[PDB]
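Each chain, written out:
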Amino acid sequence: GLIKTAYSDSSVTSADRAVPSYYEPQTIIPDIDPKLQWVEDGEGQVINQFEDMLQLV
Amino acid sequence: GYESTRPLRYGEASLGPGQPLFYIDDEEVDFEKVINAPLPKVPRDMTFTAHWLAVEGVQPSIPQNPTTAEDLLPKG
Amino acid sequence: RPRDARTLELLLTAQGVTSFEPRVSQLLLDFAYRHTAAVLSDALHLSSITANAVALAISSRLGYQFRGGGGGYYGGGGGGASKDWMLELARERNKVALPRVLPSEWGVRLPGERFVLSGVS
Amino acid sequence: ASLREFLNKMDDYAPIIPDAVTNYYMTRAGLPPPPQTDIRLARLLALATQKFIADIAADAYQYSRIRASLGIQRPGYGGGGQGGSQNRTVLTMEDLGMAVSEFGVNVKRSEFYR
Amino acid sequence: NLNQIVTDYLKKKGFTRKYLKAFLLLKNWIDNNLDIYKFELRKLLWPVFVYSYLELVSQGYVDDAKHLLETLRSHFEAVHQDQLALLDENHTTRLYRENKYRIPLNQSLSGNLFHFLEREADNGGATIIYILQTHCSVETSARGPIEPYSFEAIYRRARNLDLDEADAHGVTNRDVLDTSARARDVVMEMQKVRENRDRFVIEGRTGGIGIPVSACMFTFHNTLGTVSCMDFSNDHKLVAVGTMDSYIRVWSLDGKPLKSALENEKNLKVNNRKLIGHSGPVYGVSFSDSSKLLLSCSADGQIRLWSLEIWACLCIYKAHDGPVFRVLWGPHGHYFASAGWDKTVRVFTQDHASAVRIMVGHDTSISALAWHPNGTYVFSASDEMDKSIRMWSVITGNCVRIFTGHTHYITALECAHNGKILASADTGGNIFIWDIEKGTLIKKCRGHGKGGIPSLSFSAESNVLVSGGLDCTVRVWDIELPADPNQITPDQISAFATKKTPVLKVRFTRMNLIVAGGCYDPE
C-alpha cells in the first residue's frame, strides 16, 4: 500500500537479484499519474478517475 | 430511411426454374409494440488514458500492451 | 442475399475497403433504379425510342448534376470549371502586394469590424 | 399575436419531443444546448418540427382514406408483408410517398431485386 | 523521349547555352543554476541594467530608456528606491561613468559564465559581453562561493580576518563579512574559449546501429468511431479532436482544470470543453504557434477561427466552393493554407477575409498539405488520375517543382527542419524521401501495411523519422545509414505495436521521445 499501479493482469480484461532497483538503471519504467491510468472494471468499461468533475443526468 | 438499426433480411421468391427473385422482409406491426418498447443502452462518456508504449526501444510487458503471442523486424 | 449485392460488395472489397455497413448495397441499388427511371421517362417524353433520344436525355440531365467524378486532364470534375478561366482569376488575384505587417501585430490583428462575429448574443 | 407574448406563453405549448433529442440535433446543426441558449427558443424549434410532422401525417391519412372502399398498386413503392390484420388502416409506403411528394421528397424504391 | 522534347522546347524559346532581451535571458539562465551560485550571480543584474539604461539614454533613444526603466522597476523597487527615483547631469552619473563596476566571482563560475555567453553569442550574449568588457571589470578569485553560511563566509567571520581588494569595492559584502554582521582579460578569454571548444566536435559516423527512442501513448475510449482528426499543442499541453457530429473537444493532457478569461467563469472546475458551431463533419484542426488560437474546417465549406481564452468563435472565412479537407497554420502563425474538393489551394492571412493568393494547376482534389520551415513555400498533393506533388511560391503564386512517382492515394506530407528534405506516404505502405533542390527521389522506405499513414514527424536534427499507420504500428527510420566498416528495408530502426489502436498522430519532443494518439476499438 505504498503506491498505485495498473500493472496487474486484472487491470485490463476486455537471476533474482537481491539488490535495490537503483542498482539496475536499465530495468526501470517511469510512472504514470494514477488518475490517467488504464484500469477496467469487471464488465469491461474503463473507470473514470475524475469523480470531482462528474455530473448526473 | 437507410439509417435504421434493424437487421436487413431478404425473402426469396421463385418465378421459375433458375429464376429466383428477392424482396425485402417487412411485417406489419402494431403501434403499441413500437411506442412501449424500451430504449437501447446509453454508452459511457468519452475519456482518455496514458501508458508507455516503449522505453528506450523496448516494449514493456504490461496489460496495456499486446501480448508477445500476438512482421516487425527485417530478415534480409 | 440478392444478386449484384454480392458483386458490389466484392467490388468494394477489391478496392481497399476492409469493412462495410449493411444497407450500403441496398442504397446503391435503389439509386440505380431511380436514375434509370428518370432517364427512361425523359427519353420517352423526348420521342419506340431510339438511341439518339437516350443520348439526348443524358446530355440534358448532365446540365445540372453529376458535375464530379475522378476526371483528370480536361475532365469535368470538382465543379466543372475550365482551367483557363481559373488561371485568369488566379492571375487577377495574385497581382496585388502581400499585406504589410509589423512584429507588434504579427498574430493579433483581425479583419475589419464588418467581417467579425461581434455582438451575436 | 406577438413574439414576446408567444414566447412568454411557451410554458403551455411545450411539444412532446424530449429535450435530449433537441439538444443532440441542435449540437449537430451548430447551436449550443439550452444552458447557453434560452430554453424557450429550443422549445419553439421543437414545436415547429412537431407541426411539420403532424401536417405530413394528416396528408398521408387523407391519401390512404380516399383509396379505401385497375386496383393495382403504383410501381416504385415496394413494401409490406401479409397485408395486416382486420380492417385496420395501415400506414404503408405508398401513402407516405404520395404525401411527401407534395413536400419535395422522393422515396421511390424497387419491389423485387432479383 | 522526354529529354528530346524538353531540349526542343528550350531551344525554340531562345535559351542560350535589445538590452531588455539580454537582461531577461541572463536572468532566466541565472535562476536555472544551483542555489549556491545564484547569490554571486545576482550581483550582475544591477550593473548590466544601469549601464544599459544609461547607454540608451545617451544614444538619444529616450523612449526606449523610459520603456526599460518602467518595465523593470518592479524588480528593483524593493532594494534601490532612491537610485530609481534619481534615475527618474548630476554627479552620480559622472561618477558611475568614470569608475567601472567591480564584481567578485569565482574562477569556475567565470568559466561557466563565459562558456554560456559564447554558446549564445548571436542570440543576445554579445550585448552582455560588450557591456561587461566596457563598463565593468571582474576581479576573479580562487576562493569558494560566497554565501551567508558557506565555508568562506563562516571562516572569515569566525577567524576575524580582513577584507581584500575585491571586497573593498548599494549592497556590499562588508556588511556581511565585517564584525558588525586580479582583473579580467575578456576578448582574449573569448577567442581562447572558442579555440578550446572547437576541439570537441563529432565529424563522422561509421558502424553502429540506429538511435533508441521512447514513446508515450494516449488512448481514447468510448468514441464509437466518430473521431475524424486529432492534434496536440506545440508544447504538448492540450489535445483537440474533431468528430463526425460537427463539434470539437479539447482536453488537458494532465487532467488539470482549464481556465477561461471570462469573469463569470471564475475558477470553474472542468478539464475538457466543447467548441460548437460547425454544421458538418470536421476534417481538420490546427493549434496556432501556449496556444491561444485554433483553426478548423468542415464539409460545409467553411473555416472557423476560435479563441482558446474565451472559448468562442471570432471569424468565418467563406472562400471555398464545396468541402474543405485540410487546414494548416504557417510555421510562425500568421498565415494559413487550405485545400479541398474544388482542386485549388488558397493562402490566407488572419487580418483579411479573402484569400490573398490562389494556386491553380492541380487536376483533382487535394489530399495533403505542408509548409516550408522558412514560411515562403507550400506543398500540396492530388489524388486519382493526377498523383503528383507541387511546390508553390507565396510571393508570386506560381509552381516551382513537381514530384512524380506515387501510385497510390497520398496521405501525409512532411518537410525536414533543415529545409532540404521532404517526406511523403501513401496507402500502399511506401514512404518517399525527396531532394527539394534537384527534384529527385532519394530512396524509398518499406515495412508499413496497407491502409494509410496519416502522420509523419522529423527529429530535431532531421536525422530520424517516425511514422504511424492504421495497421496499429509505430516505426522509426534512419534517413542515412552508417558507413560500413568493411519486405522491410534495412533502415528501419524499430517498430512498436499497439493493442488494437490505429495511430492518428505522432510527435517528436525536444528529447529522443515521442507522443502518439489513437482510438481504441474492442472489435
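Scope of this entry: the structure provided in the associated data block.

Remarks on helix α10 (residues 151-159) of chain E
Think of an α-helix as turning once every 3.6 residues; residues three or four places apart then point the same way.
Residue and element names in this part refer to chain E.
Phase 1: Of all the residues in α10, the buried ones are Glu152, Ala153 and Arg156. End-on view of α10: buried residues confined to an arc of 95 degrees, all on one side of the axis. Residues of α10 that are exposed and point over 90 degrees away from its buried face: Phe151 and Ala158.
Phase 2: Buried residues along α10 sit against α12 (174-177).

Quick word on the interface of chain C and chain D
Phase 1: Contacts between the two partners involve seven residues from chain C and, on the opposite side, nine residues from chain D.
Phase 2: Summing both partners gives a buried area of about 720 Å² for chain C against chain D, and 50% of it is carried by carbon and sulfur.
Phase 3: Summed over the three residues of chain C that lose the most area to chain D, namely C:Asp30, C:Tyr33 and C:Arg34, the buried surface amounts to 65% of that side.
Phase 4: At the junction of chain C with chain D, the criterion picks out zero salt bridges.
Phase 5: Its residues placed into classes, the side of chain C that touches chain D shows three nonpolar, one polar and three charged.

Some words on the nonpolar core
All names here are of chain E.
Phase 1: Counting residues in each nonpolar core, the largest one holds 36 residues, and the members touching the most others are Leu26, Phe49 and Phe76.
Phase 2: Those elements that place two or more of their residues in this core are α2 (19-30), α4 (45-59), α5 (62-76), β1 (101-106), α8 (107-119), α9 (121-135) and β2 (136-141).
Phase 3: Per-element accounting of this core gives the leading share, seven residues, to α4.
Phase 4: Filtering out sequence-adjacent residues up to four positions away, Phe76 remains in contact with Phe23, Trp46, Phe49, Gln81 and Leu84.

Quick word on the pairing of strand β14 (residues 345-349) of chain E
All names here are of chain E.
Phase 1: Most of β14 sits out of view: five of its five residues are buried.
Phase 2: Inspection of the sheet shows strand β13 (residues 335-340) paired to β14 by five bridges, in the antiparallel sense. Bridged to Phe336 within β14 is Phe348.
Phase 3: Linkage of β13 to β14, two consecutive antiparallel strands, is achieved through a turn of four residues, within which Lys343 is found at a positive phi near 70 degrees.
Phase 4: Where β14 meets strand β15 (residues 357-359), three bridges bridge the pair, whose relative direction is antiparallel.

Some remarks on the packing of α4(E) against helix α7 (residues 91-98) of chain E
All names here are of chain E.
Phase 1: Closest axis-to-axis distance for the α4/α7 pair is 12 Å, and the angle between their directions is 115 degrees. In terms of their interaxial angle, α4 and α7 are classed as roughly perpendicular. Helix-helix and strand crossings are classified by hand; for α4 and α7 the assignment is left-handed. Residues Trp46, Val50, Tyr51, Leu54, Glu55 and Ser58 of α4 lie in contact with α7, whose contacting residues are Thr93, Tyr96 and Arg97.
Phase 2: Considering only residue class, the contact of α4 with α7 consists of five nonpolar, two polar and two charged.

Concerning the sheet that holds strand β9 (residues 293-298) of chain E
Residues and elements named next belong to chain E.
Phase 1: In space, the four strands of this open sheet follow the order β8-β9-β10-β11, with antiparallel pairing throughout. Among the strands making up the open sheet, the edge pair consists of β8 (282-287) and β11 (312-317). On average, each strand axis in the sheet is inclined to that of its neighbour by 25 degrees, with strand direction left out of account.
Phase 2: Bridge count for β8 against β9 is five bridges, and the pairing is antiparallel. From the neighbouring strand, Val285 faces β9, where its bridge partner is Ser296.

Considering the side chain of E:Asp231
Residues and elements named next belong to chain E.
Phase 1: You can see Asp231 is positioned in strand β4 (residues 227-232).
Phase 2: A distance of 3.2 Å separates the side chain of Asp231 from the backbone nitrogen of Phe287, its partner in a polar contact.
Phase 3: Separated by 3.3 Å, the side chains of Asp231 and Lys505 make a polar contact.
Phase 4: Other than its neighbours up to four places away in sequence, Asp231 contacts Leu238, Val239, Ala240, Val285, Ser286, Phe287, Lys505 and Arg507.

A word on a nonpolar patch on the surface
Residues and elements named next belong to chain C.
Phase 1: Together, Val24, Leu27, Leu28, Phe31, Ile58, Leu62 and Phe66 line one region of the surface with nonpolar side chains, adding up to about 600 Å² of accessible area.
Phase 2: Of the residues forming the nonpolar patch, the biggest block, four residues, is contributed by helix α2 (residues 24-46).
Phase 3: Turning to its location among the elements, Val24 is positioned in helix α2.
Phase 4: A relative accessible area of 36% places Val24 in the partly exposed class.

Rules and cut-offs
- Residues numbered from 1 in each chain as written, not as in the entry; some residues may be left out.
- Chains lettered and ligands numbered in written order.
- Part of a larger assembly, values for the part shown.
- Heavy atoms only, no water.
- Buried < 20%, exposed > 50% of the residue type's maximum accessible area, 1.4 Å probe, protein only.
- Helix = DSSP H or I, 4+ residues; strand = E, 2+ residues; numbered from the N terminus.
- Arc of directions from axis to C-beta.
- Contact = heavy atoms within 4.5 Å.
- Buried area = accessible area lost by both parts, 1.4 Å probe.
- Salt bridge = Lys/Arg side-chain N within 4 Å of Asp/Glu carboxyl O.
- Nonpolar A, V, L, I, M, F, W, Y, C, P; charged D, E, K, R; others polar.
- Core = buried A, V, L, I, M, F, W, Y, C linked by side-chain atoms within 4.5 Å.
- Pairing = 2+ DSSP bridges.
- Axes fitted to C-alpha atoms, helices over the stretch in contact; angles between N-to-C directions.
- Parallel < 35°, antiparallel > 145°, perpendicular 65-115°, else oblique.
- Left-handed = near helix turned anticlockwise from the far one by under 90°.
- Polar contact = N/O pair within 3.5 Å; in protein donor to acceptor, adjacent residues only side chain to side chain.
- Patch = residues over 30% accessible without salt bridge, like charges linked within 9 Å, V, L, I, M, F, W, Y side chains within 5 Å.
- Areas by Shrake-Rupley, 256 points an atom, 1.4 Å probe, with all protein chains shown as cover.

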